[PDB]
Amino acid sequence: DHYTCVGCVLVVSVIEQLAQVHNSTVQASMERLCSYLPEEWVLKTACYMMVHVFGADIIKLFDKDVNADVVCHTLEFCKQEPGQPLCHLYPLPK
Amino acid sequence: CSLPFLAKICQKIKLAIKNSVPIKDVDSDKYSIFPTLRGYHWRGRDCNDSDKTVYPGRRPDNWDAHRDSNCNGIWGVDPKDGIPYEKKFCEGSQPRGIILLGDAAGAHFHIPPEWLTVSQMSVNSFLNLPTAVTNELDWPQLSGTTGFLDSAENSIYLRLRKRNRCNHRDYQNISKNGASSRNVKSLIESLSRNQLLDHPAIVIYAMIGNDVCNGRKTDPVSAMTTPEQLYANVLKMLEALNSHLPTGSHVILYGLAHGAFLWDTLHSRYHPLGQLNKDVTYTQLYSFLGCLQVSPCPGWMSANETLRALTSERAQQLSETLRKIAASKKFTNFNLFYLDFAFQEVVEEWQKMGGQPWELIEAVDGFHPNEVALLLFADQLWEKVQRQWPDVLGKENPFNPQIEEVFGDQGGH
Ligand SMILES: *O[C@H]1[C@H](O)[C@@H](NC(=O)C[C@@H](CCCCCCCCCCC)OC(=O)CCCCCCCCCCCCC)[C@H](OC[C@H]2O[C@H](*)[C@H](NC(=O)C[C@H](O)CCCCCCCCCCC)[C@@H](OC(=O)C[C@H](O)CCCCCCCCCCC)[C@@H]2O)O[C@@H]1CO[C@]1(C(=O)O)C[C@@H](O)[C@@H](O)[C@@H]([C@H](O)CO)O1
Ligand SMILES: *[C@@H]1O[C@H](CO[C@@H]2O[C@@H](C)[C@@H](O)[C@@H](O)[C@@H]2O)[C@@H](O[C@@H]2O[C@H](CO)[C@@H](O)[C@H](O)[C@H]2NC(C)=O)[C@H](O)[C@H]1NC(C)=O
Ligand SMILES: *[C@@H]1O[C@H](CO)[C@@H](O[C@@H]2O[C@H](CO)[C@@H](O)[C@H](O)[C@H]2NC(C)=O)[C@H](O)[C@H]1NC(C)=O
Ligand SMILES: *[C@@H]1O[C@H](CO[C@@H]2O[C@@H](C)[C@@H](O)[C@@H](O)[C@@H]2O)[C@@H](O)[C@H](O)[C@H]1NC(C)=O
Ligand SMILES: CCCCCCCCCCCCCC(=O)O
Ligand SMILES: [Ca+2]
Ligand SMILES: [Ca+2]
Ligand SMILES: [Ca+2]
């Protein structure tokens, strides 16, 4: 919960920044990321499988360009727990 | 892990982690032929995994005339004079092993910044991921105390091996990321040493932060180990060690870290995830992890300088407790020493090599000493012990060249 938030922000950060440096879509950077994983452990296969099956459904939740904190809260990987402050790694607009 | 069939698997995994012994260990002597999963990245490689009486650090039965019972690559008989090679070359050389009872720093926790830095990311960036993960994100094989591979100033183990080749493969890194005085008892149990059948050992107890770095969900000060708790915990640990260690062993209690260095050095510098758009510093990393209540050290990774100072003060108080134990308590089977955390010496040594202090901290986690720092600490420990207590390290073996001539690389690591 507090681990899934961290893991989501890490992974989404890499996807978004990898898209930025290639001027690419998020679909393209996700596929690029899988491309970089090793064959061992069925990581690259699991990766590719994950990206094709769910990727588009996830991207379609977003009609706007938002940072990793927003993405991960929207996907409910970062939840606002009762009694705890809102957590974010990147700067807030405004 | 909540599914019923899948949960029985999850419970079993956690059980292997926590016991801190190799999963690949057919004879159950805690030494492995496989590198990760607590294998020979962590301790000397088992030269016979079908025999619990063959493992690193053992006294050589029959002087290893017939086989290499202690895996140091020295064995057999000289046909010239009928004398076993290990008697000729090691008798009287007082071999000893190195054992680290440590934490994430002692295990050398390291997340490659290449996994998170897109500007340089490539097909090669993740080749090490399965090794790292099955080593609990530690790199003991490259660590300052027990490292034996090509450093990315070398390790305590390799210096001991260089001093006396008979010490080949006699290393054990019994460190766990979350270890402290509160749980070092479980580590004592994963240690391998027989008080009567093995060589003596140098044991370094180096819990440099976790006794002050808990409190992730409460006032951290109220969570930190107190001097009385640590005194009791360490005394019980030392009594347990006294029943494992061969006579002639040595135990070094190492002081806690100067953790205030972290905020002072890093609070305005960019994290790897912040380098592309210059939008994340370690200040934000520390706040983020603290907000999520998963901060690895809330007391030192705080913008509240009063909290940082209280954390440092407790760290100094606990270090003085270790010094008191070493000054006042005595154990039959080992000499006991205290060493301060050599912060100033390491930072000065680094600056004279042209380094900047921020280059001594793991870039991704902003917490642990990195590979360079750990080898500098090892260098400072070696020289200080050599200068003050040379008996701890032993004499140079005059037959090292003979060992090398007859046995070469002694079987490698
Ligand atoms: O169930 C037990 C808990 O598991 C245990 N917690 C752990 O020990 C901490 C583990 C959890 C791992 C979760 C994530 C798993 C995925 C890892 C695989 C990697 C995939 C690649 O965490 C780790 O040890 C560190 C893992 C970091 C992983 C980051 C990978 C980054 C790769 C990026 C990939 C991108 C690709 C594109 C819990 O223990 C209790 C406490 O014990 C002490 C422990 N402290 C130490 O370990 C401190 C040590 O110095 C290590 C510090 C590491 C800091 C890393 C910072 C990274 C920042 C990254 C940039 C943003 C405490 O742990 C922590 O301090 C660790 C810290 O909180 C983790 C920070 C970041 C997590 C990121 C997750 C990313 C996920 C993967 C991304 C895809 C522990 O809190 O104890 C429970 C069981 O507990 C109890 C019990 O039930 O009995 C209860 C306790 O209260 C306690 O009392 C004990 C008793 O005392 C026992 O007697 O037992
Ligand atoms: C690793 O050791 C095994 C086992 O050694 C035998 O059993 C031990 C428990 C101990 O009693 C030793 O003294 C024994 O030699 C070795 O396997 C045996 O090797 C001999 C041949 O020399 C043969 O008679 C046996 O059948 C083998 N197997 C068993 C189960 O005994 C093995 O050779 C050793 N490996 C290496 C690389 O030296
Ligand atoms: C800085 O940290 C210290 C230590 O956690 C805080 O002191 C605590 O303050 C709270 C009141 O809000 C009390 O619960 C405790 O009595 C205090 N602890 C001690 C040891 O005195 C302090 O509040 C923090 N300062 C700021 C500005 O946040
Ligand atoms: C690509 O986007 C550029 C702006 O982004 C910056 O430059 C690129 C090359 C990356 O390095 C990125 O990380 C930087 O933030 C534009 O200047 C350029 O016009 C865009 N390219 C195209 C083909 O439109
Ligand atoms: C768009 C991609 C979404 C990214 C999802 C990554 C989630 C990482 C989860 C981290 C694992 C938590 C482990 C645990 O709960 O103990
Ligand atoms: Ca074995
Ligand atoms: Ca064996
Ligand atoms: Ca031998």
# chains A, B, ... in the order shown; residues from 1 in each chain; ligands from 1
>>> closest_atom_pairs(of="chain B", to="ligand 5", cutoff="12 Å", atoms="only C-alpha atoms and all ligand atoms", output="CSV")
residue,atom,partner,partner_atom_place_in_ligand_line,distance
B:1,CA,ligand 5,15 (O),9.2
B:2,CA,ligand 5,15 (O),11.2
B:10,CA,ligand 5,16 (O),10.6
B:14,CA,ligand 5,16 (O),11.1
B:294,CA,ligand 5,16 (O),11.7
>>> closest_atom_pairs(of="chain B", to="chain A", cutoff="12 Å", atoms="only C-alpha atoms", output="CSV")
residue,atom,partner,partner_atom,distance
B:113,CA,A:14,CA,11.5
B:114,CA,A:14,CA,10.8
B:115,CA,A:14,CA,8.6
B:116,CA,A:14,CA,6.2
B:117,CA,A:14,CA,7.6
B:118,CA,A:18,CA,5.5
B:119,CA,A:21,CA,7.2
B:120,CA,A:18,CA,10.1
B:121,CA,A:36,CA,8.2
B:122,CA,A:36,CA,6.0
B:123,CA,A:36,CA,4.2
B:124,CA,A:36,CA,7.2
B:125,CA,A:36,CA,7.2
B:126,CA,A:37,CA,5.7
B:127,CA,A:38,CA,5.8
B:128,CA,A:38,CA,8.7
B:129,CA,A:38,CA,8.1
B:130,CA,A:40,CA,7.7
B:131,CA,A:40,CA,10.6
B:133,CA,A:41,CA,11.4
B:134,CA,A:41,CA,11.5
B:216,CA,A:2,CA,11.6
B:217,CA,A:84,CA,10.5
B:270,CA,A:90,CA,11.9
B:271,CA,A:89,CA,10.8
B:272,CA,A:14,CA,10.5
B:273,CA,A:13,CA,7.3
B:274,CA,A:90,CA,8.5
B:275,CA,A:17,CA,10.2
B:276,CA,A:17,CA,7.5
B:277,CA,A:17,CA,8.8
B:278,CA,A:90,CA,10.2
B:279,CA,A:90,CA,6.6
B:280,CA,A:90,CA,6.2
B:281,CA,A:90,CA,9.4
B:282,CA,A:89,CA,10.0
B:283,CA,A:89,CA,9.8
B:284,CA,A:89,CA,6.0
B:285,CA,A:89,CA,6.4
B:286,CA,A:89,CA,9.2
B:287,CA,A:89,CA,8.0
B:288,CA,A:89,CA,5.5
B:289,CA,A:6,CA,7.9
B:290,CA,A:87,CA,8.9
B:291,CA,A:87,CA,5.7
B:292,CA,A:2,CA,5.3
B:293,CA,A:2,CA,7.1
B:294,CA,A:2,CA,6.8
B:295,CA,A:2,CA,10.3
B:364,CA,A:10,CA,10.9
>>> write_last_selection(atoms="N, CA and C atoms", output="short mmCIF file (atom, residue, chain, number, x, y, z; two decimals), in the first residue's frame")
data_model
loop_
_atom_site.label_atom_id
_atom_site.label_comp_id
_atom_site.auth_asym_id
_atom_site.auth_seq_id
_atom_site.Cartn_x
_atom_site.Cartn_y
_atom_site.Cartn_z
N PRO B 113 21.60 3.12 -10.16
CA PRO B 113 20.92 4.29 -10.74
C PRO B 113 20.63 4.12 -12.22
N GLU B 114 21.32 3.20 -12.89
CA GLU B 114 21.03 2.90 -14.29
C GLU B 114 19.62 2.37 -14.49
N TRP B 115 19.00 1.78 -13.46
CA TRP B 115 17.62 1.32 -13.59
C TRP B 115 16.62 2.46 -13.62
N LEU B 116 17.04 3.68 -13.27
CA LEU B 116 16.12 4.80 -13.07
C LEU B 116 16.52 6.04 -13.83
N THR B 117 17.58 6.00 -14.62
CA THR B 117 18.14 7.17 -15.27
C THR B 117 18.00 6.95 -16.78
N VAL B 118 16.94 7.50 -17.36
CA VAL B 118 16.60 7.18 -18.75
C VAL B 118 17.66 7.71 -19.70
N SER B 119 18.34 8.79 -19.33
CA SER B 119 19.27 9.43 -20.25
C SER B 119 20.36 8.48 -20.73
N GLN B 120 20.65 7.43 -19.96
CA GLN B 120 21.69 6.46 -20.30
C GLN B 120 21.15 5.04 -20.38
N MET B 121 19.84 4.86 -20.29
CA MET B 121 19.26 3.53 -20.17
C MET B 121 19.42 2.77 -21.49
N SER B 122 19.62 1.46 -21.38
CA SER B 122 19.84 0.65 -22.57
C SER B 122 19.55 -0.81 -22.25
N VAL B 123 19.70 -1.65 -23.28
CA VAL B 123 19.51 -3.09 -23.15
C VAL B 123 20.40 -3.66 -22.05
N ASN B 124 21.53 -3.00 -21.78
CA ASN B 124 22.47 -3.50 -20.79
C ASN B 124 22.15 -3.05 -19.37
N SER B 125 21.18 -2.16 -19.17
CA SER B 125 20.99 -1.56 -17.85
C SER B 125 20.41 -2.55 -16.86
N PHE B 126 19.69 -3.57 -17.32
CA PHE B 126 18.95 -4.46 -16.44
C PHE B 126 19.50 -5.88 -16.41
N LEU B 127 20.67 -6.12 -17.00
CA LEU B 127 21.22 -7.47 -17.03
C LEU B 127 21.49 -8.00 -15.63
N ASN B 128 21.77 -7.11 -14.68
CA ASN B 128 22.10 -7.48 -13.31
C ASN B 128 20.87 -7.58 -12.41
N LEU B 129 19.67 -7.37 -12.95
CA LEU B 129 18.48 -7.32 -12.10
C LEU B 129 18.21 -8.65 -11.41
N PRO B 130 18.27 -9.81 -12.07
CA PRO B 130 18.00 -11.06 -11.35
C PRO B 130 19.02 -11.39 -10.28
N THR B 131 20.30 -11.09 -10.51
CA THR B 131 21.29 -11.25 -9.45
C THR B 131 20.96 -10.36 -8.27
N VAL B 133 18.17 -8.97 -7.29
CA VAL B 133 16.94 -9.30 -6.58
C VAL B 133 17.12 -10.55 -5.73
N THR B 134 17.75 -11.58 -6.28
CA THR B 134 17.95 -12.79 -5.50
C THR B 134 19.05 -12.64 -4.46
N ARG B 216 8.99 4.50 12.07
CA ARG B 216 8.37 4.93 10.82
C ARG B 216 6.93 5.39 10.97
N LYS B 217 6.29 5.10 12.10
CA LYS B 217 4.88 5.42 12.27
C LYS B 217 4.58 6.18 13.56
N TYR B 270 20.10 16.89 -6.75
CA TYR B 270 19.06 16.20 -7.51
C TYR B 270 19.18 14.69 -7.36
N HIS B 271 18.04 14.05 -7.09
CA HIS B 271 17.92 12.61 -7.16
C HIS B 271 18.03 12.14 -8.61
N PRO B 272 18.43 10.88 -8.84
CA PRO B 272 18.41 10.36 -10.22
C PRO B 272 17.10 10.58 -10.96
N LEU B 273 15.96 10.34 -10.31
CA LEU B 273 14.67 10.59 -10.95
C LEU B 273 14.43 12.07 -11.20
N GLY B 274 15.17 12.95 -10.54
CA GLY B 274 15.00 14.37 -10.72
C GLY B 274 15.98 15.01 -11.67
N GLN B 275 16.91 14.24 -12.23
CA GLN B 275 17.98 14.84 -13.02
C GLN B 275 17.47 15.35 -14.37
N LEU B 276 16.55 14.62 -15.00
CA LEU B 276 16.11 15.01 -16.34
C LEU B 276 15.47 16.39 -16.34
N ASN B 277 14.50 16.61 -15.46
CA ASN B 277 13.75 17.87 -15.42
C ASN B 277 14.10 18.73 -14.21
N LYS B 278 15.15 18.38 -13.48
CA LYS B 278 15.60 19.15 -12.32
C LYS B 278 14.44 19.46 -11.39
N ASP B 279 13.69 18.42 -11.02
CA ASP B 279 12.46 18.62 -10.25
C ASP B 279 12.34 17.71 -9.03
N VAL B 280 13.37 16.95 -8.68
CA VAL B 280 13.34 16.12 -7.48
C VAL B 280 14.71 16.16 -6.82
N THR B 281 14.78 16.68 -5.60
CA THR B 281 15.96 16.62 -4.77
C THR B 281 15.75 15.58 -3.67
N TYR B 282 16.80 15.32 -2.91
CA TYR B 282 16.67 14.37 -1.82
C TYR B 282 15.73 14.88 -0.74
N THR B 283 15.57 16.20 -0.63
CA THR B 283 14.54 16.73 0.26
C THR B 283 13.19 16.13 -0.08
N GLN B 284 12.84 16.10 -1.36
CA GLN B 284 11.54 15.56 -1.76
C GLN B 284 11.50 14.05 -1.62
N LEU B 285 12.59 13.35 -1.92
CA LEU B 285 12.62 11.91 -1.68
C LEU B 285 12.35 11.62 -0.21
N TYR B 286 13.03 12.34 0.68
CA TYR B 286 12.89 12.08 2.11
C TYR B 286 11.47 12.37 2.59
N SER B 287 10.89 13.49 2.16
CA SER B 287 9.51 13.79 2.50
C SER B 287 8.57 12.72 1.97
N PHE B 288 8.74 12.35 0.70
CA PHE B 288 7.89 11.34 0.07
C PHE B 288 7.89 10.04 0.88
N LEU B 289 9.07 9.49 1.14
CA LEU B 289 9.14 8.22 1.86
C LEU B 289 8.61 8.37 3.28
N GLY B 290 8.91 9.50 3.93
CA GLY B 290 8.38 9.73 5.26
C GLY B 290 6.87 9.82 5.27
N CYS B 291 6.30 10.54 4.30
CA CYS B 291 4.85 10.64 4.19
C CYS B 291 4.21 9.27 4.06
N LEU B 292 4.82 8.39 3.27
CA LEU B 292 4.32 7.03 3.10
C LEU B 292 4.65 6.13 4.28
N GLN B 293 5.32 6.64 5.31
CA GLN B 293 5.68 5.84 6.48
C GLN B 293 6.56 4.65 6.10
N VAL B 294 7.37 4.80 5.05
CA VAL B 294 8.33 3.77 4.69
C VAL B 294 9.75 4.34 4.66
N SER B 295 9.98 5.43 5.37
CA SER B 295 11.30 6.01 5.40
C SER B 295 12.27 5.01 6.03
N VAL B 364 20.50 6.25 -5.33
CA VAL B 364 19.06 6.00 -5.42
C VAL B 364 18.40 6.12 -4.05
#
>>> closest_atom_pairs(of="chain B", to="ligand 3", cutoff="12 Å", atoms="only C-alpha atoms and all ligand atoms", output="CSV")
residue,atom,partner,partner_atom_place_in_ligand_line,distance
B:215,CA,ligand 3,5 (O),10.1
B:216,CA,ligand 3,5 (O),11.6
B:217,CA,ligand 3,5 (O),11.6
B:218,CA,ligand 3,5 (O),8.8
B:219,CA,ligand 3,5 (O),5.4
B:220,CA,ligand 3,5 (O),6.3
B:221,CA,ligand 3,20 (C),6.2
B:222,CA,ligand 3,20 (C),7.7
B:223,CA,ligand 3,5 (O),10.5
B:224,CA,ligand 3,20 (C),11.4
B:298,CA,ligand 3,5 (O),9.7
B:299,CA,ligand 3,5 (O),8.0
B:300,CA,ligand 3,2 (O),10.7
B:301,CA,ligand 3,2 (O),11.6
B:302,CA,ligand 3,2 (O),8.6
B:303,CA,ligand 3,1 (C),8.6
B:304,CA,ligand 3,1 (C),5.0
B:305,CA,ligand 3,1 (C),6.9
B:306,CA,ligand 3,1 (C),5.1
B:307,CA,ligand 3,2 (O),4.2
B:308,CA,ligand 3,2 (O),7.8
B:309,CA,ligand 3,2 (O),9.1
B:310,CA,ligand 3,4 (C),7.3
B:311,CA,ligand 3,4 (C),9.0
B:313,CA,ligand 3,20 (C),11.6
B:314,CA,ligand 3,20 (C),11.3
>>> write_last_selection(atoms="N, CA, C and O atoms", output="mmCIF file, in the first residue's frame")
data_model
loop_
_atom_site.group_PDB
_atom_site.id
_atom_site.type_symbol
_atom_site.label_atom_id
_atom_site.label_comp_id
_atom_site.auth_asym_id
_atom_site.auth_seq_id
_atom_site.Cartn_x
_atom_site.Cartn_y
_atom_site.Cartn_z
ATOM 1 N N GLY B 215 10.952 3.771 13.981
ATOM 2 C CA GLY B 215 9.995 4.822 14.271
ATOM 3 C C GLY B 215 9.245 5.349 13.066
ATOM 4 O O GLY B 215 8.884 6.532 13.039
ATOM 5 N N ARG B 216 8.987 4.501 12.068
ATOM 6 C CA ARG B 216 8.374 4.933 10.816
ATOM 7 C C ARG B 216 6.931 5.387 10.969
ATOM 8 O O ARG B 216 6.394 5.991 10.034
ATOM 9 N N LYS B 217 6.285 5.104 12.100
ATOM 10 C CA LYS B 217 4.877 5.424 12.274
ATOM 11 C C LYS B 217 4.581 6.184 13.561
ATOM 12 O O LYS B 217 3.405 6.429 13.853
ATOM 13 N N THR B 218 5.599 6.579 14.324
ATOM 14 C CA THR B 218 5.408 7.225 15.621
ATOM 15 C C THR B 218 6.501 8.271 15.802
ATOM 16 O O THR B 218 7.272 8.551 14.880
ATOM 17 N N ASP B 219 6.582 8.859 16.995
ATOM 18 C CA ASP B 219 7.719 9.725 17.273
ATOM 19 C C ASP B 219 8.967 8.865 17.151
ATOM 20 O O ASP B 219 9.126 7.907 17.924
ATOM 21 N N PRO B 220 9.850 9.135 16.191
ATOM 22 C CA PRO B 220 11.025 8.268 16.046
ATOM 23 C C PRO B 220 11.856 8.176 17.309
ATOM 24 O O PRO B 220 12.360 7.095 17.630
ATOM 25 N N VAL B 221 11.992 9.275 18.053
ATOM 26 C CA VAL B 221 12.821 9.249 19.252
ATOM 27 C C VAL B 221 12.315 8.193 20.222
ATOM 28 O O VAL B 221 13.102 7.487 20.862
ATOM 29 N N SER B 222 10.994 8.066 20.352
ATOM 30 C CA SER B 222 10.455 7.085 21.281
ATOM 31 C C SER B 222 10.666 5.659 20.791
ATOM 32 O O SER B 222 10.597 4.727 21.596
ATOM 33 N N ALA B 223 10.921 5.467 19.497
ATOM 34 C CA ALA B 223 11.133 4.134 18.952
ATOM 35 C C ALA B 223 12.580 3.667 19.034
ATOM 36 O O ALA B 223 12.821 2.455 19.053
ATOM 37 N N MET B 224 13.541 4.585 19.088
ATOM 38 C CA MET B 224 14.943 4.201 19.033
ATOM 39 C C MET B 224 15.317 3.320 20.216
ATOM 40 O O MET B 224 14.818 3.481 21.332
ATOM 41 N N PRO B 298 13.628 7.702 9.470
ATOM 42 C CA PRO B 298 12.904 8.974 9.629
ATOM 43 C C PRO B 298 13.673 10.008 10.434
ATOM 44 O O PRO B 298 13.530 11.207 10.170
ATOM 45 N N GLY B 299 14.514 9.587 11.381
ATOM 46 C CA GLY B 299 15.159 10.548 12.264
ATOM 47 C C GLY B 299 16.211 11.382 11.563
ATOM 48 O O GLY B 299 16.351 12.577 11.837
ATOM 49 N N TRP B 300 16.970 10.768 10.658
ATOM 50 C CA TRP B 300 18.019 11.464 9.931
ATOM 51 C C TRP B 300 17.570 11.982 8.574
ATOM 52 O O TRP B 300 18.171 12.933 8.063
ATOM 53 N N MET B 301 16.529 11.401 7.993
ATOM 54 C CA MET B 301 15.990 11.842 6.706
ATOM 55 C C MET B 301 14.841 12.815 6.903
ATOM 56 O O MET B 301 13.773 12.691 6.309
ATOM 57 N N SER B 302 15.069 13.800 7.758
ATOM 58 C CA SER B 302 14.052 14.752 8.158
ATOM 59 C C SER B 302 14.556 16.163 7.892
ATOM 60 O O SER B 302 15.750 16.445 8.009
ATOM 61 N N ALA B 303 13.637 17.048 7.508
ATOM 62 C CA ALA B 303 13.965 18.464 7.422
ATOM 63 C C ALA B 303 13.973 19.135 8.787
ATOM 64 O O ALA B 303 14.406 20.287 8.897
ATOM 65 N N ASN B 304 13.507 18.437 9.818
ATOM 66 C CA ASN B 304 13.460 18.938 11.189
ATOM 67 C C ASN B 304 14.830 18.721 11.811
ATOM 68 O O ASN B 304 15.176 17.606 12.207
ATOM 69 N N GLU B 305 15.631 19.788 11.894
ATOM 70 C CA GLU B 305 17.010 19.628 12.340
ATOM 71 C C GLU B 305 17.102 19.279 13.818
ATOM 72 O O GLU B 305 18.124 18.737 14.247
ATOM 73 N N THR B 306 16.055 19.549 14.603
ATOM 74 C CA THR B 306 16.036 19.096 15.990
ATOM 75 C C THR B 306 15.920 17.581 16.058
ATOM 76 O O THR B 306 16.610 16.930 16.854
ATOM 77 N N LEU B 307 15.045 17.004 15.233
ATOM 78 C CA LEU B 307 14.950 15.553 15.148
ATOM 79 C C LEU B 307 16.271 14.943 14.696
ATOM 80 O O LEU B 307 16.740 13.955 15.271
ATOM 81 N N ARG B 308 16.886 15.512 13.655
ATOM 82 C CA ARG B 308 18.184 15.008 13.218
ATOM 83 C C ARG B 308 19.191 15.035 14.359
ATOM 84 O O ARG B 308 19.939 14.070 14.557
ATOM 85 N N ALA B 309 19.220 16.125 15.128
ATOM 86 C CA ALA B 309 20.184 16.221 16.219
ATOM 87 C C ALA B 309 19.894 15.199 17.312
ATOM 88 O O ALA B 309 20.825 14.598 17.861
ATOM 89 N N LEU B 310 18.618 14.986 17.650
ATOM 90 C CA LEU B 310 18.290 13.976 18.653
ATOM 91 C C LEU B 310 18.683 12.589 18.170
ATOM 92 O O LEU B 310 19.179 11.766 18.949
ATOM 93 N N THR B 311 18.463 12.311 16.886
ATOM 94 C CA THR B 311 18.876 11.032 16.323
ATOM 95 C C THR B 311 20.383 10.862 16.425
ATOM 96 O O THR B 311 20.872 9.798 16.822
ATOM 97 N N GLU B 313 22.352 12.326 18.564
ATOM 98 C CA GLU B 313 22.710 12.198 19.972
ATOM 99 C C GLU B 313 22.478 10.779 20.472
ATOM 100 O O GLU B 313 23.310 10.231 21.205
ATOM 101 N N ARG B 314 21.361 10.157 20.083
ATOM 102 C CA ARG B 314 21.148 8.766 20.468
ATOM 103 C C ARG B 314 22.205 7.870 19.843
ATOM 104 O O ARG B 314 22.711 6.946 20.491
#
>>> residues_near_ligand(ligand="ligand 2", cutoff="12 Å", atoms="only C-alpha atoms and all ligand atoms", output="ChimeraX atom specification")
/B:26-27,33,46-55,61-62,64,66-71,73,75,411
>>> write_last_selection(atoms="N, CA and C atoms", output="mmCIF file, in the first residue's frame")
data_model
loop_
_atom_site.group_PDB
_atom_site.id
_atom_site.type_symbol
_atom_site.label_atom_id
_atom_site.label_comp_id
_atom_site.auth_asym_id
_atom_site.auth_seq_id
_atom_site.Cartn_x
_atom_site.Cartn_y
_atom_site.Cartn_z
ATOM 1 N N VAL B 26 23.030 -28.672 -0.195
ATOM 2 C CA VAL B 26 22.562 -30.050 -0.081
ATOM 3 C C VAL B 26 22.997 -30.667 1.243
ATOM 4 N N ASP B 27 24.225 -30.394 1.678
ATOM 5 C CA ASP B 27 24.721 -30.952 2.932
ATOM 6 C C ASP B 27 24.396 -30.084 4.142
ATOM 7 N N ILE B 33 27.192 -23.817 -3.523
ATOM 8 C CA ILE B 33 27.892 -23.793 -4.808
ATOM 9 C C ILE B 33 27.282 -22.783 -5.784
ATOM 10 N N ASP B 46 31.247 -23.525 -1.311
ATOM 11 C CA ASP B 46 31.403 -24.873 -0.786
ATOM 12 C C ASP B 46 32.126 -25.718 -1.818
ATOM 13 N N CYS B 47 33.328 -26.168 -1.478
ATOM 14 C CA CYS B 47 34.086 -26.999 -2.396
ATOM 15 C C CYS B 47 33.604 -28.442 -2.405
ATOM 16 N N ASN B 48 32.721 -28.823 -1.480
ATOM 17 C CA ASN B 48 32.021 -30.103 -1.585
ATOM 18 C C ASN B 48 30.675 -29.969 -0.883
ATOM 19 N N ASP B 49 29.619 -29.818 -1.673
ATOM 20 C CA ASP B 49 28.267 -29.667 -1.161
ATOM 21 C C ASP B 49 27.613 -31.009 -0.837
ATOM 22 N N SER B 50 28.372 -32.104 -0.910
ATOM 23 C CA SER B 50 27.912 -33.423 -0.497
ATOM 24 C C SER B 50 28.561 -33.874 0.805
ATOM 25 N N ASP B 51 29.116 -32.946 1.581
ATOM 26 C CA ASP B 51 29.842 -33.331 2.787
ATOM 27 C C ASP B 51 29.868 -32.152 3.748
ATOM 28 N N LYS B 52 29.076 -32.263 4.813
ATOM 29 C CA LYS B 52 28.983 -31.265 5.870
ATOM 30 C C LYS B 52 30.276 -31.096 6.652
ATOM 31 N N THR B 53 31.259 -31.972 6.463
ATOM 32 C CA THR B 53 32.553 -31.817 7.109
ATOM 33 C C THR B 53 33.584 -31.206 6.170
ATOM 34 N N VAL B 54 33.134 -30.646 5.046
ATOM 35 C CA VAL B 54 33.974 -29.905 4.112
ATOM 36 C C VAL B 54 33.317 -28.544 3.926
ATOM 37 N N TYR B 55 33.981 -27.490 4.381
ATOM 38 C CA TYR B 55 33.453 -26.139 4.266
ATOM 39 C C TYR B 55 34.568 -25.155 4.614
ATOM 40 N N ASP B 61 41.380 -31.579 8.713
ATOM 41 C CA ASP B 61 41.538 -32.946 9.190
ATOM 42 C C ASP B 61 42.729 -33.607 8.512
ATOM 43 N N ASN B 62 43.603 -34.211 9.315
ATOM 44 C CA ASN B 62 44.776 -34.900 8.784
ATOM 45 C C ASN B 62 45.610 -33.961 7.921
ATOM 46 N N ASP B 64 44.759 -32.171 5.710
ATOM 47 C CA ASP B 64 44.262 -32.198 4.337
ATOM 48 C C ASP B 64 45.191 -32.992 3.425
ATOM 49 N N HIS B 66 44.673 -35.897 2.280
ATOM 50 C CA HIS B 66 43.872 -36.646 1.319
ATOM 51 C C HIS B 66 42.877 -35.789 0.550
ATOM 52 N N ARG B 67 42.367 -34.710 1.140
ATOM 53 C CA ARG B 67 41.410 -33.855 0.451
ATOM 54 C C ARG B 67 41.410 -32.481 1.106
ATOM 55 N N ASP B 68 40.748 -31.537 0.439
ATOM 56 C CA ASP B 68 40.719 -30.139 0.873
ATOM 57 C C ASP B 68 39.473 -29.936 1.722
ATOM 58 N N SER B 69 39.607 -30.164 3.026
ATOM 59 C CA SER B 69 38.444 -30.126 3.898
ATOM 60 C C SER B 69 37.994 -28.712 4.232
ATOM 61 N N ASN B 70 38.850 -27.705 4.056
ATOM 62 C CA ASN B 70 38.478 -26.335 4.386
ATOM 63 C C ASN B 70 38.460 -25.418 3.171
ATOM 64 N N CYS B 71 38.485 -25.978 1.963
ATOM 65 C CA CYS B 71 38.213 -25.252 0.722
ATOM 66 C C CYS B 71 39.184 -24.104 0.465
ATOM 67 N N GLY B 73 41.962 -24.533 -1.062
ATOM 68 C CA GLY B 73 42.742 -24.932 -2.213
ATOM 69 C C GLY B 73 44.073 -25.564 -1.884
ATOM 70 N N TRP B 75 46.046 -28.685 -0.218
ATOM 71 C CA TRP B 75 45.787 -30.067 0.156
ATOM 72 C C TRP B 75 46.878 -30.936 -0.449
ATOM 73 N N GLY B 411 41.969 -22.529 -6.507
ATOM 74 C CA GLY B 411 40.631 -22.915 -6.869
ATOM 75 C C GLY B 411 39.694 -21.764 -7.144
#
>>> closest_residue(among="B:199, B:352, B:163, B:250", to="ligand 8", atoms="only C-alpha atoms and all ligand atoms")
B:199
>>> residues_around(residues="segment 401-405 of chain B", least_positions_apart="6", cutoff="10 Å", atoms="only C-alpha atoms", output="ChimeraX atom specification")
/B:73-74,85-86,88-90,164-166
